[PDB]
Amino acid sequence: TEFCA
Amino acid sequence: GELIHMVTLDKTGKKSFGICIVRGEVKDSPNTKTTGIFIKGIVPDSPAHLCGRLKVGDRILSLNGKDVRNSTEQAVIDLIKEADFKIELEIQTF
């Protein structure tokens, strides 16, 4: 899953 | 019933804050919709998870005082990575 921080 | 509240996450001792986000929309009415940044996932045992006050589906209104209502996902991620060990999130939930 993209956009993780 | 919805509510806007503040949540501070500190990733000290952790690899990341533990939030995955996406651009989304919800119908605020009955004939209109609102777009924004939503929490799509939470990493187990991460600060976001241990916090207990962040839920999947919550929208992020601002980050460290910066309005992100119309931001791209990448822009929010960059903002988070530019932060030290803490981020204060204005969250709209329920």
# chains A, B, ... in the order shown; residues from 1 in each chain; ligands from 1
$ select_by_dssp --residues "chain B" --states "strand (DSSP E)" --output "PyMOL selection string"
chain B and resi 3-10+19-26+34-42+59-63+66-67+86-93
$ interface_residues --of "chain B" --to "chain A" --cutoff "7 Å" --atoms "only C-alpha atoms" --output "PyMOL selection string"
chain B and resi 16-21+73-74+77+80
$ write_last_selection --atoms "C-alpha atoms" --output "short mmCIF file (atom, residue, chain, number, x, y, z; two decimals), in the first residue's frame"
data_model
loop_
_atom_site.label_atom_id
_atom_site.label_comp_id
_atom_site.auth_asym_id
_atom_site.auth_seq_id
_atom_site.Cartn_x
_atom_site.Cartn_y
_atom_site.Cartn_z
CA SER B 16 7.30 5.21 11.30
CA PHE B 17 4.10 6.78 12.56
CA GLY B 18 2.09 3.88 11.15
CA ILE B 19 -0.53 5.54 8.98
CA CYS B 20 -1.40 4.86 5.37
CA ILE B 21 -3.53 7.46 3.64
CA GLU B 73 -1.28 12.00 -0.85
CA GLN B 74 2.39 12.48 -1.69
CA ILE B 77 3.69 12.07 3.09
CA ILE B 80 5.29 13.92 7.56
#
$ atom_distance --atom1 "atom CA of residue 67 of chain B" --atom2 "atom CA of residue 82 of chain B"
15.3 Å
$ residues_around --residues "segment 1-9 of chain B" --least-positions-apart "4" --cutoff "7 Å" --atoms "only C-alpha atoms" --output "list in words"
residues 17, 47, 48, 86, 87, 88, 89, 90, 91, 92, 93 and 94 of chain B
$ write_last_selection --atoms "N, CA, C and O atoms" --output "JSON list (two decimals), in the first residue's frame"
[["chain", "number", "residue", "atom", "x", "y", "z"],
["B", 17, "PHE", "N", 5.26, 6.44, 11.76],
["B", 17, "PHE", "CA", 4.10, 6.78, 12.56],
["B", 17, "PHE", "C", 3.04, 5.69, 12.45],
["B", 17, "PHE", "O", 2.24, 5.50, 13.38],
["B", 47, "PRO", "N", 2.94, 3.85, 16.44],
["B", 47, "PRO", "CA", 2.44, 4.93, 17.30],
["B", 47, "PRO", "C", 0.95, 5.19, 17.05],
["B", 47, "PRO", "O", 0.18, 5.39, 17.99],
["B", 48, "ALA", "N", 0.55, 5.20, 15.78],
["B", 48, "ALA", "CA", -0.85, 5.44, 15.41],
["B", 48, "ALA", "C", -1.77, 4.39, 16.03],
["B", 48, "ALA", "O", -2.87, 4.70, 16.49],
["B", 86, "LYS", "N", 7.74, 13.97, 15.91],
["B", 86, "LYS", "CA", 6.33, 14.19, 16.21],
["B", 86, "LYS", "C", 5.53, 14.93, 15.16],
["B", 86, "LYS", "O", 6.03, 15.78, 14.43],
["B", 87, "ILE", "N", 4.25, 14.58, 15.09],
["B", 87, "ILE", "CA", 3.33, 15.23, 14.17],
["B", 87, "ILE", "C", 2.03, 15.43, 14.94],
["B", 87, "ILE", "O", 1.59, 14.54, 15.67],
["B", 88, "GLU", "N", 1.44, 16.62, 14.80],
["B", 88, "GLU", "CA", 0.18, 16.90, 15.47],
["B", 88, "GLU", "C", -0.85, 16.89, 14.36],
["B", 88, "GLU", "O", -0.74, 17.63, 13.39],
["B", 89, "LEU", "N", -1.86, 16.04, 14.53],
["B", 89, "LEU", "CA", -2.90, 15.89, 13.52],
["B", 89, "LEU", "C", -4.25, 16.42, 13.98],
["B", 89, "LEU", "O", -4.69, 16.13, 15.09],
["B", 90, "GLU", "N", -4.89, 17.21, 13.12],
["B", 90, "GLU", "CA", -6.23, 17.73, 13.38],
["B", 90, "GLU", "C", -7.03, 16.66, 12.66],
["B", 90, "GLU", "O", -6.93, 16.52, 11.44],
["B", 91, "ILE", "N", -7.81, 15.90, 13.43],
["B", 91, "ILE", "CA", -8.58, 14.78, 12.91],
["B", 91, "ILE", "C", -10.09, 14.98, 12.99],
["B", 91, "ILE", "O", -10.59, 15.50, 13.98],
["B", 92, "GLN", "N", -10.80, 14.59, 11.94],
["B", 92, "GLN", "CA", -12.26, 14.66, 11.95],
["B", 92, "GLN", "C", -12.68, 13.20, 11.96],
["B", 92, "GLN", "O", -12.34, 12.45, 11.04],
["B", 93, "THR", "N", -13.41, 12.79, 13.00],
["B", 93, "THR", "CA", -13.81, 11.40, 13.16],
["B", 93, "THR", "C", -15.29, 11.14, 13.41],
["B", 93, "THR", "O", -16.07, 12.07, 13.64],
["B", 94, "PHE", "N", -15.64, 9.86, 13.40],
["B", 94, "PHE", "CA", -16.99, 9.37, 13.64],
["B", 94, "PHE", "C", -17.92, 9.66, 12.46],
["B", 94, "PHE", "O", -18.58, 8.70, 12.01]]
$ select_by_dssp --residues "chain B" --states "alpha helix (DSSP H)" --output "VMD selection string"
chain B and resid 47 to 51 73 to 82
$ atom_distance --atom1 "atom CA of residue 35 of chain B" --atom2 "atom CA of residue 81 of chain B"
23.1 Å
$ decode --residues "segment 17-29 of chain B" --atoms "N, CA, C and O atoms" --output "PDB file, in the first residue's frame"
ATOM      1  N   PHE B  17       5.265   6.439  11.762  1.00  0.00           N
ATOM      2  CA  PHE B  17       4.099   6.777  12.557  1.00  0.00           C
ATOM      3  C   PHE B  17       3.035   5.689  12.454  1.00  0.00           C
ATOM      4  O   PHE B  17       2.245   5.499  13.379  1.00  0.00           O
ATOM      5  N   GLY B  18       3.028   4.979  11.328  1.00  0.00           N
ATOM      6  CA  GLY B  18       2.094   3.879  11.149  1.00  0.00           C
ATOM      7  C   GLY B  18       0.768   4.182  10.481  1.00  0.00           C
ATOM      8  O   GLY B  18      -0.218   3.478  10.715  1.00  0.00           O
ATOM      9  N   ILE B  19       0.719   5.225   9.663  1.00  0.00           N
ATOM     10  CA  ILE B  19      -0.526   5.539   8.984  1.00  0.00           C
ATOM     11  C   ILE B  19      -0.372   5.477   7.478  1.00  0.00           C
ATOM     12  O   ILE B  19       0.648   5.890   6.926  1.00  0.00           O
ATOM     13  N   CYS B  20      -1.385   4.925   6.820  1.00  0.00           N
ATOM     14  CA  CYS B  20      -1.397   4.857   5.369  1.00  0.00           C
ATOM     15  C   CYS B  20      -2.614   5.687   4.999  1.00  0.00           C
ATOM     16  O   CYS B  20      -3.683   5.542   5.601  1.00  0.00           O
ATOM     17  N   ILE B  21      -2.451   6.563   4.020  1.00  0.00           N
ATOM     18  CA  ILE B  21      -3.527   7.463   3.644  1.00  0.00           C
ATOM     19  C   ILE B  21      -3.948   7.390   2.191  1.00  0.00           C
ATOM     20  O   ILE B  21      -3.232   6.859   1.342  1.00  0.00           O
ATOM     21  N   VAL B  22      -5.125   7.938   1.914  1.00  0.00           N
ATOM     22  CA  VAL B  22      -5.648   7.973   0.555  1.00  0.00           C
ATOM     23  C   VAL B  22      -6.542   9.187   0.383  1.00  0.00           C
ATOM     24  O   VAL B  22      -7.092   9.711   1.351  1.00  0.00           O
ATOM     25  N   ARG B  23      -6.662   9.644  -0.857  1.00  0.00           N
ATOM     26  CA  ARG B  23      -7.543  10.755  -1.168  1.00  0.00           C
ATOM     27  C   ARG B  23      -8.905  10.086  -1.210  1.00  0.00           C
ATOM     28  O   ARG B  23      -9.036   8.990  -1.756  1.00  0.00           O
ATOM     29  N   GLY B  24      -9.912  10.729  -0.639  1.00  0.00           N
ATOM     30  CA  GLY B  24     -11.232  10.131  -0.652  1.00  0.00           C
ATOM     31  C   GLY B  24     -12.327  11.170  -0.640  1.00  0.00           C
ATOM     32  O   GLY B  24     -12.056  12.367  -0.684  1.00  0.00           O
ATOM     33  N   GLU B  25     -13.571  10.709  -0.590  1.00  0.00           N
ATOM     34  CA  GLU B  25     -14.708  11.615  -0.561  1.00  0.00           C
ATOM     35  C   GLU B  25     -15.866  11.005   0.206  1.00  0.00           C
ATOM     36  O   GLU B  25     -16.063   9.790   0.201  1.00  0.00           O
ATOM     37  N   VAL B  26     -16.621  11.864   0.875  1.00  0.00           N
ATOM     38  CA  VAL B  26     -17.777  11.440   1.648  1.00  0.00           C
ATOM     39  C   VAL B  26     -18.888  12.424   1.337  1.00  0.00           C
ATOM     40  O   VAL B  26     -18.629  13.603   1.097  1.00  0.00           O
ATOM     41  N   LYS B  27     -20.128  11.953   1.321  1.00  0.00           N
ATOM     42  CA  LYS B  27     -21.215  12.863   1.019  1.00  0.00           C
ATOM     43  C   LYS B  27     -21.717  13.570   2.264  1.00  0.00           C
ATOM     44  O   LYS B  27     -22.312  12.964   3.157  1.00  0.00           O
ATOM     45  N   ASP B  28     -21.396  14.848   2.336  1.00  0.00           N
ATOM     46  CA  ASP B  28     -21.865  15.713   3.371  1.00  0.00           C
ATOM     47  C   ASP B  28     -23.113  16.462   2.949  1.00  0.00           C
ATOM     48  O   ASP B  28     -23.015  17.384   2.144  1.00  0.00           O
ATOM     49  N   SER B  29     -24.246  15.977   3.396  1.00  0.00           N
ATOM     50  CA  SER B  29     -25.551  16.481   2.983  1.00  0.00           C
ATOM     51  C   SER B  29     -26.669  15.861   3.814  1.00  0.00           C
ATOM     52  O   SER B  29     -26.592  14.657   4.113  1.00  0.00           O
TER      53      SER B  29
END
